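This report concerns only the one structure given below.
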Amino acid sequence: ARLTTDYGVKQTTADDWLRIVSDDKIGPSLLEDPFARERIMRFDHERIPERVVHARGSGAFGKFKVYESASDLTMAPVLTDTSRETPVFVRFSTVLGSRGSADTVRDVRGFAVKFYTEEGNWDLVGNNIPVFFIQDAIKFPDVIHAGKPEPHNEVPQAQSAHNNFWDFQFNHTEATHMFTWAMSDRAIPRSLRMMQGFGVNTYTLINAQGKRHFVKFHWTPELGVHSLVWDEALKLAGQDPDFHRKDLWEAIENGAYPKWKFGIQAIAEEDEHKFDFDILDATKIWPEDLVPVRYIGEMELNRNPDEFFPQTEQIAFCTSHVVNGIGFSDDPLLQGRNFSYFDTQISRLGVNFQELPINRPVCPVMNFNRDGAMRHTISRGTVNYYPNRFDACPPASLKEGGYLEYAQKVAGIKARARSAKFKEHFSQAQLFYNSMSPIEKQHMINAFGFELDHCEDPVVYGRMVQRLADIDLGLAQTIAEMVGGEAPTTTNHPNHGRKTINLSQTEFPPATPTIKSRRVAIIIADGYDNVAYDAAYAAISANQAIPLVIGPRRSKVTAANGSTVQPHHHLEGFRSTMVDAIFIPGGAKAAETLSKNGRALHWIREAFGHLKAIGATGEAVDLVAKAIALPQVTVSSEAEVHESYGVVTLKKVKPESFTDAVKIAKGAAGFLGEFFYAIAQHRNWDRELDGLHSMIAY
Amino acid sequence: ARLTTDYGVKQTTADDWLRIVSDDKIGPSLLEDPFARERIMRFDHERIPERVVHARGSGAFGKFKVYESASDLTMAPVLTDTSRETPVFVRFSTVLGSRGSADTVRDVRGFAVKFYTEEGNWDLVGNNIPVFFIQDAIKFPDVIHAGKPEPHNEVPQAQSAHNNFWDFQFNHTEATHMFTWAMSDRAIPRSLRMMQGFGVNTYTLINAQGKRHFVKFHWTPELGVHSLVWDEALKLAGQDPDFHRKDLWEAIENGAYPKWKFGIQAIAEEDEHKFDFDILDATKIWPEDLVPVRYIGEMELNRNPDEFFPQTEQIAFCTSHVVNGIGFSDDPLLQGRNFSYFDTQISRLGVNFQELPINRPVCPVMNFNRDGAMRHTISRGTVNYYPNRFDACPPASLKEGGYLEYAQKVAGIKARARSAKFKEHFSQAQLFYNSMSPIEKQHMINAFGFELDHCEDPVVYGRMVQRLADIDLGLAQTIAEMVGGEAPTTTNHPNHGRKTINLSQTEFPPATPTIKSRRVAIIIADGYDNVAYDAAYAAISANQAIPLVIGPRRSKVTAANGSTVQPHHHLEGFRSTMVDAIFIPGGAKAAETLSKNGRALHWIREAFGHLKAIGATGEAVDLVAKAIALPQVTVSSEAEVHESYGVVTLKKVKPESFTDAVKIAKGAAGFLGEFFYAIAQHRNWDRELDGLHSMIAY
Amino acid sequence: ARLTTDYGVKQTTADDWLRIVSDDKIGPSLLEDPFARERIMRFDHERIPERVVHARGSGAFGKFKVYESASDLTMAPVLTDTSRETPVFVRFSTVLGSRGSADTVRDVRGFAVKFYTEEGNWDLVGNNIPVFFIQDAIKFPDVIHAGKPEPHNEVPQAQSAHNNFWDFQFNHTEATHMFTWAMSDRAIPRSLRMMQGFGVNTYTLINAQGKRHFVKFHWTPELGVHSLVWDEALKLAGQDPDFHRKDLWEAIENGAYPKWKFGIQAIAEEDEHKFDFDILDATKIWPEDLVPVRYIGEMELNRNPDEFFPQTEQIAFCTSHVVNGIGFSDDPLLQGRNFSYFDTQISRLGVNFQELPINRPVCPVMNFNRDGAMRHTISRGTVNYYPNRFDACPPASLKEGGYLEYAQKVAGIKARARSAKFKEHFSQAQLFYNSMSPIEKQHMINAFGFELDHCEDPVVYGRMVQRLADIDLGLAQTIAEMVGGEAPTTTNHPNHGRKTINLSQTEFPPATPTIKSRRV
Ligand code: HDD
Ligand code: HDD
Ligand code: HDD
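Sequence lines, in order, name chains B, A and B'. A prime marks a further copy of an entry chain. In case it helps, the deposited numbering puts the first sequence at residues 39 to 736. In case it helps, the deposited numbering puts the second sequence at residues 39 to 736. In case it helps, the deposited numbering puts the third sequence at residues 39 to 558.
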């Protein structure tokens, strides 16, 4: 392999333009040089427009397969064939930010899946939140413009924390349910692999008998639903803007393929109008206590892209992409969406976007669509229209797999309006808030407090405080004292206190106790205990977790016994925000050095403040106890394992200390068991519920 | 094969949009319909920008091979390997007209060849005229804008016959030589298969020893150089705007692959400054009496495109495309061209145009050029720059085929100017006019007369008449009496009368006497002589010519003997302008009917006026004689074959009449032989030289 | 004012698509609706390609004026007229990051100024660092690709802290001087209003007598040169990615218009070859102890944009934009740059980009350039070429202000190579490091330590440790103990210890003691 021009001509150098030159005097560059001009021209035109929304995203290839046929609901083979595996590509994303914005901002997350079925491409373009801000697609530009950077100065980037966003939220009551979800932990996921996915809009399924069902699609992570805490999310946005992109890529590269269970909620054609809300209203969820989610399949991502730009950046999804057996409903949000995903590709990619490798279906494509810019397809023949004398490219009958258009009855008048049930805008917002656990309510309170603090206009946060009273009077009062304004004492939308299942993240734990893919920092310094170090390192690895050694330097650290190791990073190059938990082995010399290292003390205080599991043995126990300096947090004093607020310690290490079985469960006996259990729980919420984090500086 | 969307979903119909409908009442179309929107969207975006120049063109695939190695001049394998065949695609075109303009207008013709060599793509982007209007590329917009439709009203289409064109010709004397060629028969070729091709600019060749030669490339048709006459060219422009496109496609489909000999003119590096003119001046030819053309190869076109748009419309050529062993010179016209063919593709096709099938090289392409709109190429790897730690994609040394940049010495100052010899602008214009045969001079005179007649501004044609005196005083006078103005009696640029070889088309006859691919109309009517008909039809076919039967109707025509035939076209659907010659068999009843048919009489008079061969036997002889009504044109009276001005007749057909050998040569004995000889001569110029065409109304 | 379509038809609502509907049942949306389709279509096509480099940036309007005529160096009125004020628009930016990336990352900062002079638009497209990574423009794609997110996974965003960047730095020694500047505090400015600006390449000035001078342009902040500290810069990148954009907008809105002094370094045509380095080598600075900076003007930014997208996002600069009296040199980096700023606009904006309000000159434009996509200009007349019979749009003579092309002598051969003096790649890197104050050296050490820590390939940081020995042996040892690798004990490029003036930020304090614009 040797350097060539794009037209195949080999070149002798990639370092000099053709110019006039002499040993002692340089001259002008020549216009004639085709190699140089081509290099610069290709470079000059590398960029294409970013997606108008969901510009920041990461994707991977995978496979989908149903383990239970849904033939009773649909005749689409992708959902009925339990023997075939369907290839997919999934792109996750944020919504408001442009291409270089951070992964860990507070925002809705896109969850788009392209199913390359034998019957054509089916795209399920969803989000990690089940509802949306608006009921009619016509207002998408309004809500997006309001959330995006303000027009005069293009501030702020990838943030809803500003005047215009909250101005729209207050003035468009349809969005009430949505901004409640937006302030919940759902909007700051720990990993794209640890969040749900939803079709959001109401679609339809048609079976072999022609019977139709209205449906909602669900994706549920087998690792469970987990989130970051705000201070941590903001730090990561700067310290590692690629946190989620790297998290996904790393897991797949390590063989920890993320999986999701695929479920369907179905309502028979005949029961369309049997609910208090309109089942086609995208600002409404279908309470699972009324319509259960039926899980029938599983999807896993098992292969990273070969090259990001031609694949992840150029992939195009659209709600318009449906295969036989799957259809649309009169959902007024979905209806306008179909128009958009085709239209936008014209300028973002080009009219022939379906020819791009990543977008092409895996089955035969036959039609008379022709030409267009950058056309690669060459079609032989003298005819390009139907009907024609050769009966070339005839339509497919229904029996041959032709798309079945449900003959839905339609009656009414042409008008710019929605039906009666769409007028209800507060009930589910209250239901959602009511269903949140205490810690989740606290996080939402902190979110409103931060967001409205960043609204400079007293009219904006003042009005929002009034609106919050329509969700919960107590909530309004708390926010009012935090950001200003006056919380009303009454409301025309009383909160009756009902709650529902499967809304709180507490109802989505991992399929089984695990710490798979979690990152655990092992903090050391010269003189560390090689014994505790070796035990933890092996146990972390053997439990599919990632051990990351952090030391004062990234060259060499010497253990108390003389053995050495090269840490992965030094204390200044990384931060606790980047890991799931920290472990510090003993060694008097090491503990003393770390106790005088401000950066190290911060690692401990921050990990504590961010509610992460902390484990320490030997002399490191006193290090942690003194770093935290909280009487509420007790530690081991002898050879007994001790746990307090997710802080696991063992001061006196004995021969049996690391011989106990490693059981990831409540009330484990050994040190590693209890430590891993704290990690498996993701975060220690009691630490925050008891206000301990508020006492620490991090 | 069944109808599907571009994303692979089978459809049941291509005739109805999804709408609200009932048996007796139709309703509105639905926005949700993805199949219909995709159909219309693809259609809405089918067009791409036409080429800014040479927009109207036709192309085909073929092969090239040298039969004599030019290793003494270059080490480029494409010009030294006599055992390999190099695939090529050639696109011919006009210059000024937009996409739907006519093939047979008066204009320079493009002759672009893309050589898909094993060492990369080499493009020889030439024209059918050896020189150009300007010396510096910076003025291309000026000459093109002047010739193109005038800006205020966009008139006229594909014509140099208007004020602005001739305004520029007069004011920019560098163009004198060129407009002389433009008014010659070279600008109205009979077929793209019957014209020469030239690189025009001076290129360079470098051999294995590193020695360089300045060169000119030539393409010479084996069918010879032939042209149409003006009245005919204009009629065809309307009657069949695709005349040349069809001519090329038909010949190839019929197995008559057009061929050209490839030749090179070479001047040693050391003799660069040994001529009166600058050898890098594109407004100058290298007189073949001074520098002979060395023919070393042959190219043939043998395959029509599979689909016009993705291939012929999207192919991109550029002077920048050169392979090792071939280089550029300081030709100030060529220098700027190199910049243009890359630049223009950005908007016409797209930055990734080299990825299109038709443009891709046939050898490996390896470099770090990346991304860009509509990117199909996927490159695995973590590096995309040089130098890199994996030494990925290193440059090729000269021994490995790396492009050799000649270390040409350069000395002077930075300035917007040309050197001394470039200042000569009239000598070769005179040489060209002097070298033209009498008939060619007459055709040029008629051209200037027609072109200037179409110039509304007295200042424009008035000045041009003055300029013509700088070419030939007699020419100026003749044009002045034809279009107005006052021809000067003197000139500061005397024409010394010298002539040179290989300029007149008379010096480019076919490789051997032939009528291959020529079209011959056989005009009949009920009662025609089946004998003469059968004889001519078989002889035409057996000599690789195309017999086209033309009758009063296109259903059935009955011969005098009762046999029948269905003509290819009726008299009103075709015209003599579309064929090379006409033949009319006998049959008293047929001749009588045709003698009273105005359209038929016109076929004869027009064929005569356009100088085409006319053959007739039996009763058709009197038909032709009376249709032409010229004493100067004599015809057979007995059983003897008679020829007069390309009109071949035989009044009394005998058993031996069609048993003579068919010899295409001067003074043949048989009727078919003499008739075919007249056809092989292309046109009868004596007919025009003696003013016989002027006596006929057609 | 009432809601209308783009074609002027008033609408009754912006909340509902036209559909089939009844009091109790909603129906499908109608295809016929032009108002709704137009709303969504305009929205669907709002975005245009971001700049291939310097995608993240912020700008403002201002004015420039020379207080001392430089007529001895040039006859360009913008630099000789002390009575006129020249309007300008300035866009500041980072280099590697895409549009939504953070303001406070470690990176070179772009400092582009468009001068709307009466004699045409003059753009001075500079950076906040005086030198560059490469000597020949042909390698721009290499250094940019190396620094940008790696191709397979598009990681990391707006950071030089990764394998490929440091792989290129080590392997292309021309970049040694540059990466030293990149690790200094210059790459993490506290404010765009507190950093210098440099033309970087060597330009030329021609006076009324036709005499030429080779020059370097300088912008020096009156508030002084100040920087953030790393931990702070990283936190801000997440806590307020618009920190610099807001800093600039706020200051201007509050009436604290940022100012810069404009200076010129000039070398007479005759002394072109009198230095150890080639004066046209962009990897070299002209030591101010050898060639002093002559300050002659001042520029201030005093007005924020009316709308970011049509102005700040769409503005196009190019080194090709020079007015009479200002020209180019054979600087092999500048030479290729001229080609690029015109070419890239074709896909980023469109061929008629010069018609956009923000790009249009303030003086008459007359030529025969025509058509092109989205053409707004309408030209009356039947002629569009030169020469023509009406002598329409004739050229301007030199006395009439026509651009003066210096008749520079040129002699040599056509070849892909640079001259002798370009071969020196380490001297100034050492000079720069030597000139840094103790605190600045410490910050650079911390930078190398952080950057190389983020290089996963032992070969990458291992080689860089070896390269650092060519700058300073002590530096290499310190970095080696911080990130790994083995610091060599010797070097073929000894550091002689010489220092020079005006490199350390300590030599650029505010014009006068102040806390103006500071937040407390
Ligand atoms: C009619 C306009 C409209 C409406 C009402 C919505 N969107 Fe949308 N969306 C677009 C118009 C759009 C778009 C402008 O057409 C985008 C960006 C560019 C593109 O390719 O598609 C897009 C992309 C886009 C993506 C990114 C696909 C990718 O990764 O490329 C996701 C995940 C969603 N949308 C999700 C949703 C959800 C869950 C919605 C609420 C039910 C929603 N969108 C309503
Ligand atoms: C610098 C500008 C310039 C100059 C001085 C010329 N041309 Fe050119 N030509 C172009 C700029 C151009 C172009 C604008 O770049 C075109 C049209 C679009 C395209 O692809 O290439 C083109 C196309 C084009 C084609 C058509 C290739 C095809 O079939 O696509 C031919 C045959 C020529 N040119 C021939 C010539 C000859 C024989 C010239 C005189 C020696 C000449 N051109 C001078
Ligand atoms: C030949 C390629 C090339 C080279 C060698 C450089 N650049 Fe460049 N630069 C471009 C090719 C480019 C570009 C690709 O054409 C850009 C981005 C898109 C655009 O409009 O211009 C650009 C933009 C760009 C901008 C942003 C203008 C804005 O705000 O829009 C600045 C400040 C610079 N460059 C500064 C420099 C400096 C100080 C350089 C070293 C002396 C340099 N560039 C070398």
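Cβ atoms here follow ideal geometry from the backbone N, Cα and C, with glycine treated the same way.
When Cβ-Cβ separations below 7 Å define contact, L56(A) makes no contact with chain B'. Neighbours of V59(B) in chain B', taken as residues at a C-beta separation under 8 Å, are given in chain order as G450, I451, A453, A455, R456, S457. When only Cα atoms are considered, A549(A) and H210(A) end up about 39 Å apart. Neighbours of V90(B) in chain B', taken as residues whose beta carbon is under 9 Å from its own, are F81, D82, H83, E84, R85 in chain order.
Within 10 angstroms of the beta-carbon of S555(B) lie 16 or more other beta-carbons, which makes it buried. When CB distances to chain B are screened at a threshold of 8 Å, the residues of the stretch 189-208 of chain B' falling below it are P189, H190, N191, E192, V193, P194, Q195, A196, in chain order. From the beta-carbon of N342(B'), the residues of chain B found nearer than 8 Å are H190, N191. Interface residue (Cβ-Cβ distance to chain A less than 7 Å): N422(B') is classified as such.
Closest in alpha carbon position to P187(B'), among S435(A), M482(A), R231(A), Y423(A), is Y423(A). A residue is called buried when at least 16 other Cβ atoms come within 10 angstroms of its Cβ; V400(B') does not meet this threshold and is exposed. The stretch 489-571 of chain B is shown to contain whole alpha helix (DSSP H) runs of 4 or more residues at 496-506, 511-521, in chain order. Beta-carbon to beta-carbon, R250(B) and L286(B) are separated by about 36 Å, too far to satisfy the 8 Å threshold. Contact check for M482(B) against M221(B) passes: the beta carbons are separated by less than 7 Å. Among the CB atoms of chain A, one or more fall inside 7 Å of the CB of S67(B'). Fully enclosed alpha helix (DSSP H) runs of no fewer than 4 residues occupy 178-185 of the stretch 151-186 of chain B, in order along the chain. Around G335(A), the same chain offers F102, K103, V104, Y105, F300 as residues with beta carbons nearer than 7 Å, after the five sequence neighbours per side are excluded.
In summary, the residues of the stretch 264-295 of chain B whose CB is separated from some CB of chain B' by less than 7 Å are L272, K273, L274, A275, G276, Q277, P279, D280, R283, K284, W287, in the order they occur in the chain.
The C-beta of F102(B) comes no closer than 7 Å to any C-beta of chain B'. Taking the C-beta atoms as reference points, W160(A) is found no nearer than 7 Å to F171(A). Distance from the CA atom of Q373(B) to the CA atom of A320(B), rounded to whole angstroms, is 11 Å. Look at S358(B): its C-beta is under 7 Å from a C-beta on chain A. Listed in chain order, the non-local C-beta contacts of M520(A) below 6 Å within the same chain comprise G487, local neighbours out to five positions each way being set aside. Counting only runs that start and end inside the stretch 453-489 of chain B', the alpha helix (DSSP H) elements of at least 4 residues fall at 465-473. For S67(B), the distance from the CB to the nearest heavy atom of ligand 2 is not below 6 Å. Short of 6 Å from the beta carbon of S475(A), and not among the five residues preceding or following it, lie these beta carbons of its own chain, in chain order: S542, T544.
Contact between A93(B') and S136(B') holds: CB atoms are separated by about 5 Å, below the 8 Å threshold. Under DSSP, the beta-bridge partners assigned to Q303(B') are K254(B').
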